[PDB]
């Protein structure tokens, strides 16, 4: 008598389908552990193991026929097993609970998926890293408040993101260690009453460790939230980077031009590249954040142990996964094929940005901050009257404000020398840039 429309809320069949593989693997591992408990005879086990496999192919070969009575995979499969092996299948459920499988199939699917995500994240970071190490010569303005601040290195920039993504990598792996904890063997909420070998289950499914509390493993979705968080953060980084490229791909900036493959245009206006790839990638941040926002609310205030509410997780996990997969691969392709403009980036470097280093001149020579700062104020002052680029002044004009000014001041008016000052660790100095490129190149080894 179950209300038809009521099923419309708990009948995600299409969605369930992609958990079929993991379901079989759990049933199998379980069946094998079952025989070890005598609840199955070597014979039966083989019959069960076999049926499961024929199901796996039916899914792989996409020949598995779905039915109406099918609610979840657990039902779609078991119905199929009995269709093959017969009522001997009823044993496989001995001591087991839908509450166990639901979370077991999910941690599994997730473990694999994250693996694919990670690969792409690393490949995305790597791409940045190499590109940086290539164009270590290119220099362009550093923006603060989206206004020209000081001459910075192009590679320094590319890397800024690369370092922000590698932290995402560090967070992603961490979420993995907690996902790799086998929940199977927790029962409906009290544990397994048949004293099955949970440990045997662990190794069978390659899980790192085993759950600690049944009531917990049954109701907790921390593994879903924690994932969505790392995801959401990752998307923030990726969105900030899109904001930069989109802005830099603007005519007004002309710093760079995305590939046709990752952009849109028109025959009427050839000189017009629309950062389609970047924008979508920027928008997927809210799409992800949204998933996290949801689930967090689903869990809030929920009474202990299993509740039908915990069903909303599946659609959330798949969305983000598929979205991260693509968003990441597309990030790599946008970075790998986008062509820059060395002329534009350097042409964007105006002397006004060097006024700062001028103060560094006096101070390096001994003069206090205030006395070197006001000394530059006067410099740009009379540089306006004359109406000439700050670099083109008088050696006397300098010494007219403050004595300490000498013939060294001539160097202060150079970009490289301006960029080469931050030799310290982290600075945009080419030596620092190489150090970073070495730091990251290393990190990409430990996580392998």
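Numbering follows the first chain given and starts at 1.
Just going by the entry, 428 to 436 versus 9 to 17 on mean CA temperature factor gives the higher value to 9 to 17. Higher average CA B factor: 195 to 203, of the stretches 248 to 256 and 195 to 203. Ranking 296, 358, 165, 158 by Cα temperature factor from the entry places 358 first. Take 320, 128, 353, 152 and read off each C-alpha B-factor from the entry; 353 has the highest. For residue 307, the recorded CA B-factor ranks within the lowest third of the chain. Only modelled residues enter the ranking.
Compared with the other modelled residues of the chain, the Cα B-factor recorded for residue 214 ranks in the lowest third. Residue 369 sits in the highest third of its chain by CA B factor, as recorded in the PDB entry. In the deposited entry, the Cα temperature factor of residue 229 places it in the lowest third of its chain's modelled residues. In the PDB entry, residue 337 places in the middle third of its chain by CA B-factor.
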